[PDB]
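Worksheet: one structure, shown below.
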Amino acid sequence: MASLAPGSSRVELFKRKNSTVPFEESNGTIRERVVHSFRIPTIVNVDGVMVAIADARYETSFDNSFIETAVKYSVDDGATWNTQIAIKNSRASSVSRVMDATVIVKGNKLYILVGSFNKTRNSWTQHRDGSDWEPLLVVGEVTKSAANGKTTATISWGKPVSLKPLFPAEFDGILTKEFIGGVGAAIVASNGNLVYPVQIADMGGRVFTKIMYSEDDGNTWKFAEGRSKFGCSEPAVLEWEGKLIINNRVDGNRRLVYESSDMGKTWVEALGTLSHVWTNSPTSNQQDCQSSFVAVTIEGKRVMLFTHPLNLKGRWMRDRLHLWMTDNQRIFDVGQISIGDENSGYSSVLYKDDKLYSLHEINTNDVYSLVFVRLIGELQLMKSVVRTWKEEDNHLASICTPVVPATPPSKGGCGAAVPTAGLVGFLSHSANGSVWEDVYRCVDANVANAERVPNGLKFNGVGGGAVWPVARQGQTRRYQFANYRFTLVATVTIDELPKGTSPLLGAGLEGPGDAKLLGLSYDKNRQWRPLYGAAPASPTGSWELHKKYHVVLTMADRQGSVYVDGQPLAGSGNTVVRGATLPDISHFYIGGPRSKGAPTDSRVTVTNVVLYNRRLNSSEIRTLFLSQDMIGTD
Ligand SMILES: *[C@]1(C(=O)O)O[C@@H]([C@H](O)[C@H](O)CO)[C@H](O)[C@@H](O)[C@H]1F
């Protein structure tokens with residue numbers, strides 16, 4: 001429940017202990033051979049032909065067993081498939097194996113990078129040296145042919161080539177041991193380069209990721225200078241707005257995401273967007289899982305698709321495969337694409353000719369099949385959401401804001417546009433007694449003791465207010481960016497005087513006590529009480545009951561400011577977080593929500609709460625101050 005959507009369906013395409021593969025004997029005779037388990041799915045489109053790539057783990061599902069690379073391919077979008085063994089293992093031993101295919105499509109060619117092992121019984125990261133290993137590159141060519149109106153295809157697979165001679169003996173003076181591809185679909189960059197994210201094991205047994213790329217269609221390969229932190233594995237890469245985005249598996253902690261604007265030379269952790277959003281299980285202390293990570297264009301908008309199990313059962317069970325869609329600002333949970341509480345695993349997603357598919361593992365008793373899934377209901381919802389995103393951004397960007405003294409007398413006589421770049425969430429008119437709906441359909445705020453008003457809520461009662469969850473999102477922390485930077489905006493009225501001080505808007509911190517990163521309170525003397533981290537919150541300024549004010553909280557570079565009516569309150573611009581440890585914001589609070597502790601009852605009305613993943617600039621703050629009556633969804 002939350003599960004493969006109505007409209008969608010699947011088949012067991014690579015059927016454990018059932019589907020055969022054309023195993024080639026040493027003498028060249030072909031034998032249709034049953035396969036215990038099919039693992040490590042990738043599905044891609046090569047010039048109209050679906051190509052599904054998988055480990056055929058012939059005898060057992062163990063990693064260090066007899067494995068070859070299987071392919072199934074279809075010219076009729078999966079009505080029918082032909083089956084190959086694309087890549088043979090060395091046949092050196094009973095555990096000879098080509099493993100963990102990583103695939104790039106360029107034109108009618110598939111570039112497949114696999115690890116190849118002869119006799120080791122333990123895993124690649126654990127080997128004493130690289131002697132049992134070769135990284136093999138194989139090129140497949142897809143040829144389509146039509147005759148009597150019947151399209152068919154063949155795929156020819158080149159002889160494997162070892163890239164072992166190209167593997168540096170060290171990086172930063174520490175010796176390398178082995179590398180393999182990051183698993184799954186990799187890319188051709190807009191400059192034509194073949195870009196593989198790779199996993200490197202050093203002679204110390206540590207692992208990290210790097211980009212290995214080719215400028216000449218695989219004739220030569222270069223390892224770019226940058227790398228992940230140690231502990232990152234199975235990286236997936238896409239290209240977004242001129243950067244590589246490298247999304248890493250991280251066993252036992254949250255997933256690190258890096259960006260590189262220079263073909264891997266320099267990596268910067270994506271603290272302001274996607275890093276640490278996703279994780280391996282609710283508690284983050286479990287073995288992680290491979291994920292697909294693909295850029296697609298849906299309804300005219302470029303988005304990234306990401307698949308990962310929730311792994312509520314933990315370990316390698318990997319139940320509850322989800323698909324997320326993000327425009328690098330908003331992050332939408334498309335839903336669970338596996339069925340019920342079944343164990344899934346590694347996955348792949350493909351958008352081809354305006355249809356969405358997945359190829360993913362299902363696991364019963366550690367026997368694995370690959371299901372081929374028609375994500376029909378999922379695509380419908382995705383298109384709806386992208387339309388919402390487009391419609392709202394367009395709407396906001398089209399508002400004619402008031403001219404200001406240095407407006408360049410422009411078109412329509414408007415001031416600067418309402419900012420939409422980095423606009424992550426927006427709470428406005430749509431709400432009920434318990435939910436304040438994110439206009440962008442990703443993260444609702446939870447509400448208590450509220451009454452609806454145009455564009456927001458009026459709070460009256462114990463814990464009257466809204467909680468916009470940050471760390472409180474739980475496993476997938478879509479607002480993790482806020483720990484690095486944010487702007488939070490709202491229009492407010494104070495409806496009744498507080499007894500002493502009462503909360504209005506801010507960012508709470510995880511931990512005991514009642515700590516806030518940045519926020520605003522108000523008091524019985526009709527002063528504001530901005531809260532700048534742990535600093536004693538000194539009253540300042542003046543407000544009137546019933547009057548609408550504009551509130552902006554900005555935090556970036558560990559500095560916090562609080563603006564009322566487009567002007568900073570005393571005490572703004574200083575450091576609100578100390579250390580080089582990111583804050584852990586629990587939630588944004590709007591009004592005085594609480595479920596425990598003091599029975600706060602902030603009698604305020606808040607409308608049009610906007611959240612950005614960056615610090616708005618002075619022009620943008622002014623624009624919002626001047627356009628408060630223009631942005632609401634009522
Ligand atoms: C995958 C898995 O099922 O967890 O794990 C990797 C590997 O064991 C981990 O990345 C730890 O190094 C295997 O290579 C992969 O085939 C698959 F089993």
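Brief remarks follow.
- Restricting the search to strands (runs of 3 or more DSSP E) fully inside the stretch 465-555 and requiring at least 2 residues that are outside the structural domain of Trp278 (by CATH), more than 30 Å from the chain's Cα centre (by Cα) and among the aliphatic types (A, V, I, L, M) gives 485-494.
- Condition check for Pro160: free of Cβ contacts under 8 Å to residues at least 12 places away in the same chain, more than 16 Å from the ligand (Cβ to nearest atom) and farther than 13 Å from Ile200 by Cα: no
- Of the residues making up the stretch 447-469, those that are hydrophobic (A, V, I, L, M, F, W, C) and farther than 22 Å from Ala598 by Cα number 1.
- Against the numbered list (1) within 29 Å of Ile399 (Cα to Cα); (2) among the small types (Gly, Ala, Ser); (3) crowded, with 19+ Cβ neighbours inside 10 Å, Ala417 comes up short only at (3).
- Screening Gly205, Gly182 for residues that are within 16 Å of the ligand (Cβ to nearest atom) and loosely packed, with under 14 Cβ neighbours inside 10 Å leaves exactly one candidate, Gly205.
- In the stretch 238-258, the residues that are assigned by CATH to the domain that holds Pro309 and within 16 Å of the ligand (Cβ to nearest atom) reach residues that are among the basic types (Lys, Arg) and assigned to a strand (DSSP E or B) with C-beta atoms within less than 8 angstrom, at least six apart or across chains, in these pairs: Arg255/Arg249.
- Being of a type outside the set (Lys, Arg) and in contact (Cβ under 8 Å) with a residue 60 or more places away in the chain is a property that does not hold for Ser398.
- Evaluation of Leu497 against (1) under 20 Å from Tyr440 (Cβ atoms); (2) among the hydrophobic types (A, V, I, L, M, F, W, C); (3) surrounded by fewer than 24 Cβ atoms within 10 Å (Cβ to Cβ) (one fails), failing number: (1)
- Check on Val44, farther than 17 Å from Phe23 by Cα and out of contact with any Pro (no Cβ under 8 Å at 6 or more places or on another chain): yes
- Subset of the stretch 95-127 (residues that are surrounded by fewer than 20 Cβ atoms within 10 Å (Cβ to Cβ), of a type in the set (D, E, K, R) and within 16 Å of the ligand (Cβ to nearest atom)): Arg121
- Boolean, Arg315 is free of Cβ contacts under 8 Å to residues at least 40 places away in the same chain and either in a loop (DSSP other than H, G, I, E, B) or on the phi < 0 side of the Ramachandran plot (or both): yes
- Residues of the stretch 50-71 classified as assigned to a strand (DSSP E or B) and either within 12 Å of the ligand (Cβ to nearest atom) or buried (at least 24 other Cβ atoms within 10 Å of the Cβ) (or both), total: 12
- Residue check for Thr80: of a type in the set (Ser, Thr, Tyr), closer than 24 Å to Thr151 by Cα and within 15 Å of the ligand (Cβ to nearest atom): no
- Residues in the stretch 72-113 that are acidic (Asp, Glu) and not in a loop (DSSP other than H, G, I, E, B): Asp100 alone.
Every residue, every condition in (1) in contact with a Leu (Cβ under 9 Å, 6 or more places away or on another chain); (2) surrounded by fewer than 14 Cβ atoms within 10 Å (Cβ to Cβ); (3) more than 24 Å from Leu396 (Cα to Cα); (4) touching a residue at least 24 places away in the same chain (Cβ under 8 Å), yes or no:
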| position | (1), (2), (3), (4) |
| --- | --- |
| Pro568 | no, no, yes, no |
| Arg578 | no, yes, yes, yes |
| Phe588 | yes, no, no, yes |
| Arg594 | no, no, yes, yes |
| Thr600 | no, no, yes, yes |
| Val609 | yes, no, no, yes |
| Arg614 | no, no, no, yes |
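- Failed criterion for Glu225 (all others in (1) surrounded by 19 or more Cβ atoms within 10 Å (Cβ to Cβ); (2) within 15 Å of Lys265 (Cβ to Cβ); (3) acidic (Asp, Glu) hold): (1)
For (1) in a strand (DSSP E or B); (2) more than 30 Å from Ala295 (Cβ to Cβ); (3) not assigned by CATH to the domain that holds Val105, each residue gets a yes or a no:
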| position | (1), (2), (3) |
| --- | --- |
| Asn122 | no, yes, no |
| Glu134 | yes, yes, no |
| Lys159 | no, yes, no |
| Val198 | yes, no, no |
| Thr209 | yes, no, no |
| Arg227 | no, no, no |
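Rundown of residues vs (1) in contact with a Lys or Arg (Cβ under 8 Å, 6 or more places away or on another chain); (2) of a type in the set (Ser, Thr, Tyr); (3) not in a loop (DSSP other than H, G, I, E, B), yes/no style:
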residue	(1), (2), (3)
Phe588	no, no, yes
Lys596	no, no, no
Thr600	yes, yes, no
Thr623	no, yes, yes
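- Members of the stretch 279-307 that are within 16 Å of the ligand (Cβ to nearest atom) and not hydroxyl-bearing (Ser, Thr, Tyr): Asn280, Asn285, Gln286, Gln287, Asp288, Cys289, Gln290, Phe293
- For the stretch 318-346, a residue qualifies if it is within 16 Å of the ligand (Cβ to nearest atom), touching a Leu at 6+ places or on another chain (Cβ under 6 Å) and not in a loop (DSSP other than H, G, I, E, B), and exactly one does: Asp319.
- Of all residues in the stretch 427-441, exactly one satisfies the criterion of being of a type outside the set (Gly, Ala, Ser), assigned to a loop (DSSP other than H, G, I, E, B) and closer than 18 Å to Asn460 by Cα, namely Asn432.
- Residue match in the stretch 263-278 (condition: within 16 Å of the ligand (Cβ to nearest atom) and part of a strand (DSSP E or B)): no
- Hits in the stretch 187-202 (condition: closer than 21 Å to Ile40 by Cβ and within 16 Å of the ligand (Cβ to nearest atom)): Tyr196, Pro197, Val198, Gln199, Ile200, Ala201
All of this is worked out from the model, or read from it or from the source named; these are not laboratory values. Every residue, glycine as well, gets a Cβ built from its backbone with ideal geometry; the counts of neighbours run over all protein chains shown.
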